[PDB]
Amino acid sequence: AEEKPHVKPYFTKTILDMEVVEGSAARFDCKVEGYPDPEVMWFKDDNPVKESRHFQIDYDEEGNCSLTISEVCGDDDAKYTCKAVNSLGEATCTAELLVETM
């Protein structure tokens, strides 16, 4: 039986800057690769994001990573970061969420 090769994390898809009207939902998504599989965490202006009704975080076996914000408010207007790390290294991608006020 063969095993996967050890490779530091890397994103094949990175998160994108978004503009969302206040009150509506917003989602950041990216895809990570690496072996051992990496552990992932999200940051809002470099502060760890904790799972909640407001911040839904998903990470599946295929490496799809996402952060969904259900009702965007002023406090969400920020820089978000998805960081992935395994024993061989780390990878991060960042993007801005601009909350639009009509």
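The numbering used is simple: start at 1 and walk along the sequence shown.
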- prompt: From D29, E62, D76, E71, which pick has the Cα B-factor that tops the rest in the entry?
  reply: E71
- line: Among the modelled residues of its chain, the C-alpha B-factor of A84 falls in the third labelled middle
message: How does the C-alpha B factor of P48 compare with the rest of the chain: lowest, middle or highest third?
response: highest
task: Tell me, lowest, middle or highest third: where does the Cα B factor of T94 rank within its chain?
output: middle
- prompt: Should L16 be placed in the lowest, middle or highest third of its chain by the C-alpha B factor in the entry?
  reply: middle
